[PDB]
Structures are given as structure tokens and as C-alpha cells.
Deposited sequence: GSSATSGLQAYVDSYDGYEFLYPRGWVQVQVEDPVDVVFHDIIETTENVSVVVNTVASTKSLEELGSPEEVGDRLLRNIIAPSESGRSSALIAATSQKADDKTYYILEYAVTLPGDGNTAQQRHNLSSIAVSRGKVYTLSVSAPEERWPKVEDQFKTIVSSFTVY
């Protein structure tokens, strides 16, 4: 609605994101980050990694199992200061692709953050779009952020 397309035919995906967000240039494996001019905390981001003959997202595990691993390994690893909580893990299908959809909280010593990610495999690569807001702002942004996350298409 007040959203704006990002189409990346190099890397093979698109999403909508809010109008008036601007891109920050970051390092691999993160492909794009866009964040709010004012609330630079609120952002969307796409990660791309590769994989040996993992044709499908279902062979990585169930969405909960994938969720657990995303948080274990990538979002709240090691001791990165930060703790995390998996809220919900579910699946969608759009075109002939399964996406896994994960909702999680992240605390970072403490500012608490609320997130939603969509993961989908295609062409030997895993694609994770992730949107994120301060806990305080979640309820206000929840329905926009669900439109962002469900606008994610991998070719």
C-alpha cells in the first residue's frame, strides 16, 4: 500500500518494503539492508547462502527445527551478548515454493527486538528475509511487517 518494490533479478528475489526506507550497504552474506530514516532500528534485510544439492527447504527440517537453527547459529549465536526466543514457526506455499515463516524475539545487552523471517530454498541457495522492530513498536508495525514478509518471492 505505502510499500515500494525491491526486485533483484541478479540474485533472484523480490520484496515490498516501506516507502521512505533507505539502503545501507553491508557485507556478505547479507545482500540488502533497508532501514527507516528516523527509526534506523526498524529494518528489512535479505541473506543469501549456498548449499550442496539441498534441493528443498523441507529437507533442512520442519519449520521449528529450522527456526531453532537460525537462532542457534545466525541470529543469536555463541555469546553475541544476545539472547533469543522462538515465538512461532509455520510454512506457506506461494507459486510452487515452500517458505518457512519464523517469528522470534531477540534481546541485546537491553533493547528487546521483535522479528519475522521468511526462508526459502532455490537454485542451491537459502534465502532469508528478515524484518525487525523494537518490541515497543511491534504492535504498530505487525500487520505492515506481515505484508512485507509475505511479499517475499524467490524465483
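Undergrad: Where does the model have holes with respect to the deposited sequence?
TA: According to the deposited record, C-alpha coordinates are absent for 1 to 5, 115 to 119, which together make up the missing parts.
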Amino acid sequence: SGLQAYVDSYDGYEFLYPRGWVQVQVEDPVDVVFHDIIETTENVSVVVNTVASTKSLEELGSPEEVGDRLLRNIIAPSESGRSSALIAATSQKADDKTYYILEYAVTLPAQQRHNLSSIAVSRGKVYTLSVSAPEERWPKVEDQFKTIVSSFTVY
From here on, numbers count along this sequence of modelled residues.
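Undergrad: So, looking at the entry's B-factor column for Cα atoms, which has the higher mean, 28 to 36 or 54 to 62?
TA: Per the PDB record, 54 to 62.
Undergrad: On mean Cα temperature factor in this entry, is 99 to 107 or 43 to 51 the higher one?
TA: For C-alpha atoms only, the mean B-factor is higher in 43 to 51.
Undergrad: Based on the deposited C-alpha B factors for this chain, I'd like to know if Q112 is in the lowest, middle or highest third.
TA: Highest third.
Undergrad: Per the entry's values, where does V126 land by CA temperature factor relative to the rest of its chain, in the lowest, middle or highest third?
TA: Middle third - that is where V126 ends up once the chain's C-alpha B-factors are sorted.
Undergrad: Taking only the Cα B-factors deposited for this chain, tell me whether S118 sits in the lowest, middle or highest third.
TA: It belongs to the lowest third of the chain when residues are ordered by C-alpha B-factor.
Undergrad: Can you work out whether the C-alpha temperature factor of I87 puts it in the lowest, middle or highest third of the chain?
TA: Lowest third, going by the recorded CA B-factors of the chain.
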